[PDB]
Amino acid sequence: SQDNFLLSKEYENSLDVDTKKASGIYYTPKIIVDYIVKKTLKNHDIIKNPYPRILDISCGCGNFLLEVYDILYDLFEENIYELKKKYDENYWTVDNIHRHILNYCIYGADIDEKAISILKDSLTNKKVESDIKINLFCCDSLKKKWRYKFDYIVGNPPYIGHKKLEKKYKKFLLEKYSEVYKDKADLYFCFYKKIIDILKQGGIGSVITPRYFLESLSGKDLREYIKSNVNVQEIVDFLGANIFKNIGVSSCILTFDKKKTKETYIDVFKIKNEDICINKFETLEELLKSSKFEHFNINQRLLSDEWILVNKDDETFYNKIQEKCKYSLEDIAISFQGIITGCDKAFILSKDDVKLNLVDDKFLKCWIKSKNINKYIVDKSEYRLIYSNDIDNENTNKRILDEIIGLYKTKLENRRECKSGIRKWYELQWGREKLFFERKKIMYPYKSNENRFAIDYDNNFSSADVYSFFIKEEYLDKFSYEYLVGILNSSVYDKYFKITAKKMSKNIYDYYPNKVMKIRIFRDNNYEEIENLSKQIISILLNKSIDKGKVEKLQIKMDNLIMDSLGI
């Protein structure tokens, strides 16, 4: 028997990293391909419909299409005599199965000419006369005028973010795919739209994509399109598990249909242990039914713009917290992203760097990283930011410009606002407002394994890897920073935030304002005790010679208080 994943693996090894990233050339492993193909084609009635059109618009070398060929050959061979009796007796013979499949059943598209030729040769070599016409298109699937729809669509689209995509192509996507593609969206949104649009009535689509669109702000329109145009049959969420070897992406498998049905429920399989060697096991189907995965059902008609895919216990937990809390962080706080210098090496220096003797302390700010943020407090800053925006006189401070900032001048000149003349070559790209940072505030890392909200007492500045917020004046008498960090750092709120948080990679969640500011908060009779416990924790943490042991006990007591307050 043939190894359908050998020539494709060799072609993958031939390419380098840049050409892979520019076109998203990362082929799917055999276990996922087997699961998707057998999920779509296990129950096909080949006698009822012996002309199923099965498409992969990103076929590549044909990881999906060769397995599809094998499944189709078995299907036809098992019912050849029934097909012979029901239809033309001379057309339906075993020796004619091959020519039939390639003529009517397998369709592939890809921009990669060499991959198309390799797949064509692989399809031809499935059998050892007239040259059979193989339905392989070398084209941009997002520009191709498709002349007919398809019974089944399987595959893996390219993933290209908003930085790696060309300007003109992005303009085309915004003009023609505006239903799913805006702002910081991804190309696989457009591939989702194209797959849905050319799926026949009653057809089935099943693809593996990144999982980020399930929760991300950019995926809202795509989620609406999917919810309103297809019936989502199944969502397999791998969370931070590594499905693609040596690839830093988080994957989900999605199966949907356009069948006219009153059924509106979705099977959701969510992995429970992200430390799993998926390729070690024989099938994905056995893994889904094991204890490594949990299964629940979600009513698609009950999906809002946010898809909250949790089991009944977590849904009850989330609903209790939502109903009890009358305020959100957005209601009471002002949030902002950190400084974006545009070139950190030019403006960020070690606080022991000798070059800081050239810079007057009026221009120097304390600089912290995401790892400097712990629970309730921030580590002492190790770095200084040169707030070069306040260097108005270019004639003076020429030592600073020539010996520190100018060492990267060329790179500083390639920033967007310098090319347009908005910024001077030595200025910060996005210097924000100094007064927002130089005050008591709360800071949290932009990516973390857990809630880490700290009170900043030292007017620390930061890059965009740290987000900040401060309480509005009108809400200062109702909420204090100590109480806020007390409740936000609790295990209750850790779980509550992770209910809807954007899962990025293994043990990493996105902590961005678009979801952090939606966290709801409460105040009740337990306010004083929670605030007092938080202040005790802060006092213990700030002592130079101290042990963190009692902090855990205080945290347990505070978690008990919060659970009592929220009735969970």
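Heads up: residue numbers just count along the shown sequence, starting at 1. For clarity, a rigid core is taken as the largest C-alpha set superposing within 1.5 Å between two forms.
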After a core fit, does 233 to 241 or 276 to 284 show the bigger CA gap to the shown form in 8 other deposited structures of this protein?
276 to 284
Please tell me which region, 291 to 299 or 385 to 393, has C-alphas lying farther from the displayed form on average in 8 other deposited structures of this protein, with superposition done on the core.
385 to 393
Looking at the other compared entries that model residues on both sides of it, is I80 unmodelled in at least a third of them?
no
Report, as yes or no, whether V128 is left without coordinates in at least one third of the other compared entries.
yes
Note how many residues of the deposited chain are left out of the model between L435 and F436; the options are none, 1 to 3, 4 to 9, and 10 or more.
none
Between 449 to 457 and 407 to 415, name whichever shows the higher mean Cα B factor according to the PDB entry.
407 to 415
For the higher mean C-alpha B factor in the entry, choose 478 to 486 or 353 to 361.
353 to 361
Highest recorded C-alpha temperature factor, please, choosing from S381, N279, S463, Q233.
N279
Have a look at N543, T40, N63, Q536 and flag the one whose Cα has the highest B-factor in the entry.
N543
Mind checking which third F336 falls in for C-alpha B-factor across the chain?
lowest
Give the position of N514 by CA B-factor within its chain, expressed as the lowest, middle or highest third.
lowest
With respect to C-alpha B-factor, does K553 fall in the lowest, middle or highest third of the chain as deposited?
middle
Lowest, middle or highest third - CA B-factor, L72
lowest
By the record's CA B-factor, is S491 among the lowest, middle or highest third of residues in the chain?
lowest
